[PDB]
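# Descriptive analysis of the structure
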Amino acid sequence: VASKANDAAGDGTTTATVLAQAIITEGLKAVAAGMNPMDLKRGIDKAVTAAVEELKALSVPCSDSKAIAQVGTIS
Amino acid sequence: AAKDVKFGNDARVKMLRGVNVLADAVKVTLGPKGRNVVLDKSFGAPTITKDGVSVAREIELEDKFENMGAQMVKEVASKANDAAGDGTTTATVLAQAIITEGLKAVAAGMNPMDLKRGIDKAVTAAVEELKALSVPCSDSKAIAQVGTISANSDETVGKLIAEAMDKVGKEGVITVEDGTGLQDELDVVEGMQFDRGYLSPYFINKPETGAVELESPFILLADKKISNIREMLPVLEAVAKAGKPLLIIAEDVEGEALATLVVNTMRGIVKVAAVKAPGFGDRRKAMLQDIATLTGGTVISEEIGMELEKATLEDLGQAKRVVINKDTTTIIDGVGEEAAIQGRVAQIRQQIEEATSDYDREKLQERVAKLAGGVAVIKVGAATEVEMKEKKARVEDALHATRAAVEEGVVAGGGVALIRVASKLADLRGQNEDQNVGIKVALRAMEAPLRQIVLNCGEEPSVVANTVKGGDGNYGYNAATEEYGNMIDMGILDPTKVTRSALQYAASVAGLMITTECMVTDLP
Amino acid sequence: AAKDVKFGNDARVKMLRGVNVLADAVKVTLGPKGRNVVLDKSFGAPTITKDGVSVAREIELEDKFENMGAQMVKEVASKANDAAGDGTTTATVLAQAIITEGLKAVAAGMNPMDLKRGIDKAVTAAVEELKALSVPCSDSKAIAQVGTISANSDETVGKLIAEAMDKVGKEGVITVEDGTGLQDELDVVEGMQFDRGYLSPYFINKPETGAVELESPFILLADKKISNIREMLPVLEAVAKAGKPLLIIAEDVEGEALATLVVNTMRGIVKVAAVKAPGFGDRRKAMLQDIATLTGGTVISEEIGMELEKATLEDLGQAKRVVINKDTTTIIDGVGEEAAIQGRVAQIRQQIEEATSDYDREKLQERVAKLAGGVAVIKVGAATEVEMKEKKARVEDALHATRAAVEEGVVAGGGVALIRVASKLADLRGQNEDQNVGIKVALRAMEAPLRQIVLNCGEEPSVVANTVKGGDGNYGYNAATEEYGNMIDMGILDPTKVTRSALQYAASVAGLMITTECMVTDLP
Ligand SMILES: Nc1ncnc2c1ncn2[C@@H]1O[C@H](COP(=O)(O)OP(=O)(O)O)[C@@H](O)[C@H]1O
Ligand SMILES: [Mg+2]
């Protein structure tokens, strides 16, 4: 995850890693509760396809020099 | 003594294994078709047994901790039996079922406090459901019914119990003695029982019952706390040369004279036993005087000046028998004059005229009850001595289940009742998703006994379980004959008390463990 | 005996682990929703408990050093309880909090002596803040209030305490006895209590209280130091054949006769106990004569010629009860004549006319007080014996918290008070940057109890902590019901004495450790 995140945008690799550790922790806990892992997956994926649409909706264009300097700086 | 302390997970894992060894050894004996456990015995040949209570008693593990696990379940499952008359194994079997699944849950990273809540709810709910499934046992017909079944199809055992209850009441005290002829006998006789047990296990002279049986002994009725053995020497030397046992009823008996009387009996000259007096404070005064009257004995009150050093046989009470156990003393046939016992009744009955409180009226009534009410004795008749003390044993078994059947009724016996109540509350929810798991753990635990009976029989559990669940009420599987039917009709029943007690007691120790964070014990 | 010596860091690391095992085992039980600790017991089934005092008592480690750590915290937390009535656990939990964080600091290379200064300031300041947060408890209404809450919503317990204090004063001696009926009783009776404890723990006959309870014993009032057991043989043989206990009050009792009386009771014939006389020098003369008068006994002064070999029962005093603990003796109902006790009062009252010093006047007054002031006894009534000695226990609990509430008032009980005082002094500075760390270590240690209560309940600590901080005064979280509110209104309160004591005591041992450079012990 950490690696692909990087080939993709060259940033957010830590975030990615943090999310994965988190999906895994929680998911495995639910597998121990006796849930069906293939469904836990389908749920996770549905949740995500939805999240991505949500993000594309929150996204506002970054086009002025100030905004660009801001992403640069934060990075 | 330096201790070994274990925390959280370690603590609980040790506990789990401890309990598993207990349960795995004890559970294989559950059905009507249990497997054998071989129990070594220092001298001579080993013991082959299918009796869970016997197996349990032997379980003690090397790993302290692991041991503590096992000993904990043992303790509580024995209490189940203490209060119900059975279930020791069932309780253990269920105890494992919750502990296993709950304990996995905590270890997976769910909340212990919630898991307990869920289990506890699931139990509360099932206990209710049990009351609903429960078929009453109230009339003489029903009494004799559960008696006969509980005594293994023997219709005459059912009869004798029904008759005893028919004579002294469902509450009245019924005891069992060895029979003198081939004929059964039922006699009612002046006597009494009170909720007070032996002061030392070393008083037990019938190891198989965990009980003290004393043959027509003298009874000492002191009123002080017997601490010194000195007060005894006159009375303990008269009842020595009289070649008879001696029962002591007083405030208490402190080590100084207790530990002496203990070693004095367990391989020693005068064989005796002592128990605390019934009641406390202002009650015990008259409550002890009642037993005096009943046994024609004299009460040695310090508040009058008399001491135990100033006492002879003429002061001691007398009764043709007396049995003590863990927590009950019952005296049988008191030599106290009829003119006296009926006289005391007249005194107390009058005293009820006071009616200053519904507590005082009811408390004086309980006293009239014990005294004039009497004790019903069953003498078990048989052809041979082997048959005799065997039939005698089943009569005691049946009496147990019947007293229990009266109180809370009976239900499907094969595990069935538990399987049933569980499939009923299969929507049950909590608030935490963690409490759900709690409820489910508990629910699925309730299938354990049936699944185990079936397994022991060499049949498929899942298959029998599923079809028992498919039904309703007391429809079940009779592992003995492999037919489905109405378990009660088929004569496979447990008193409600016992199935409940088993469950509640299993649940208690499981919750306790699921919430244990620390464990302290001695160094290996 | 060759020793093993550890220095500086080694020494402290060992100490830390020692304390951590103590605290980690004891702390899991803190809340109204504690977890269980399983405590093995040689024979029989283990003990499951949520009682930190019980857990602590068992903790002793193999690694000496590590053990010394644990034992040190144990000592000091028990003193907290000694002086306040509670907090044993809380003290431990806070003790860890400081020790952990302070001890990291020292190891990081900061100055121990400053770290102590900072902690000690933070504490001094918080103790003040506590006095400010404190709500008084003075009138009968307030007494009964904290009583009832401290006795678990039982309004009748609050009443009886309020009534007792209403009879013999907020100072007056109040004891608790087993009840004879169903009714509570409150009687005032001639007696006395003085700050002097048993000479040997082996005198304890009630292991659960760590106390000596003797039933209407004779009282020996010697005036010399009892060293030889020879002086005893006449009196110790009369009180043997009298079948009664015996209390000894004299200068002291030296091993020669102490160690003999010790083994003479712990599994032996005459069961007795002895304590030192109250006061020293010229005071003890009359101070002992007071007890004589009160018990109608004779004082055996060597300065008169009488010896203990020249003493019979007629010389011994008498009282219907007497309880001794670690450091208190209180005698209940002395048989001394009214004409005598009132006579002695008249003698002493007159003697106050002297008024040569505000020390002599006040000292003769304390004597009049004990003698004519009397002792108020509560008899706890109940329906069953189990209920009885249970209710009796909560009455003693409540009495404890009430005596403490009177002295220093009450505050928010959920850890809350501590969390509060901490968020108040959150600017506090020292001079060393090292002293700051000291203050901060201490401040943040004050959140430990709340954080822990919350944790034991399975809720988030940080979140509950933050919102308790967000409020004012006695706003807090009630872990039992999970509602925020006014802790005092909601009936969750600690006497101010106990919260303070706990804090101060934890702070003492923490600083002691942070300033420890060497540790000497025996070789493994
Ligand atoms: N001032 C700040 N306060 C809160 N979040 C910040 C701040 N500055 C940067 N971040 C966030 O921290 C995240 C960290 O980026 P970084 O540490 O490089 O993780 P990654 O490798 O996943 O990019 C970014 O997602 C950004 O949103
Ligand atoms: Mg980044």
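Looking at the method and resolution fields of the entry, one finds X-ray crystallography and 2.993 Å.

### What about the site of ligand 1?
Residues and elements named next belong to chain A. Neighbouring ligand 1 are the residues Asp11, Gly12, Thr13, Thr14, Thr15 and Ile74. Within the contact set of ligand 1, an oxygen atom lies 3.0 Å away from a side-chain nitrogen or oxygen of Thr14. In the environment of ligand 1, an oxygen atom lies 2.6 Å from a nitrogen or oxygen atom belonging to the side chain of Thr15. Element by element, the count of residues in the shell around ligand 1 is highest for helix α2 (residues 13-32), at three residues.

### What to know about the sheet that holds strand β16 (residues 375-380) of chain B
Residue and element names in this part refer to chain B. Taken in spatial order, the three strands line up as β4-β16-β5 in an open sheet, and their pairing is mixed. The two strands at the open ends of the sheet, each matched to only one other strand, are β4 (173-178) and β5 (185-189). Going from strand to strand, the sheet's axes swing by 25 degrees on average, the running direction of each strand aside. Where β4 lies against β16, six bridges are found, and the strand directions are parallel. Counterpart to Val176 in the pairing with β16 is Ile378.

### What about the pattern of salt bridges?
Residue and element names in this part refer to chain C. Under the definition given, this model contains 77 salt bridges over all chains. For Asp290, the salt bridge identified is with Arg344, shortest N-O distance 3.4 Å. Remark: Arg344 occurs in helix α11 (residues 338-351) and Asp290 occurs in helix α10 (residues 282-295); sequence separation between them is 54 residues. Exposure class is identical for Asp290 and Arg344. Each is buried.

### Let's talk about helix α9 (residues 255-265) of chain C
Every α-helix carries 3.6 residues per turn, so stepping three or four residues along brings you back to the same face. Residue and element names in this part refer to chain C. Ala257, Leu258, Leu261, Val262 and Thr265 are the residues of α9 that are buried. Along the axis of α9, the buried positions cluster into a sector of 140 degrees, meaning they face one direction only. Where α9 is buried, its residues contact β9 (225-226), α8 (233-241), β10 (246-250) and β11 (252-253). Positive backbone phi, approximately 60 degrees, marks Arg267, located one or two places after α9.

Calculation rules
- Residues numbered from 1 in each chain as written, not as in the entry; some residues may be left out.
- Chains lettered and ligands numbered in written order.
- Part of a larger assembly, values for the part shown.
- Heavy atoms only, no water.
- Near = heavy atom within 4 Å.
- Polar contact = N/O pair within 3.5 Å; in protein donor to acceptor, adjacent residues only side chain to side chain.
- Helix = DSSP H or I, 4+ residues; strand = E, 2+ residues; numbered from the N terminus.
- Pairing = 2+ DSSP bridges.
- Axes fitted to C-alpha atoms, helices over the stretch in contact; angles between N-to-C directions.
- Salt bridge = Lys/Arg side-chain N within 4 Å of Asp/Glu carboxyl O.
- Buried < 20%, exposed > 50% of the residue type's maximum accessible area, 1.4 Å probe, protein only.
- Arc of directions from axis to C-beta.
- Contact = heavy atoms within 4.5 Å.

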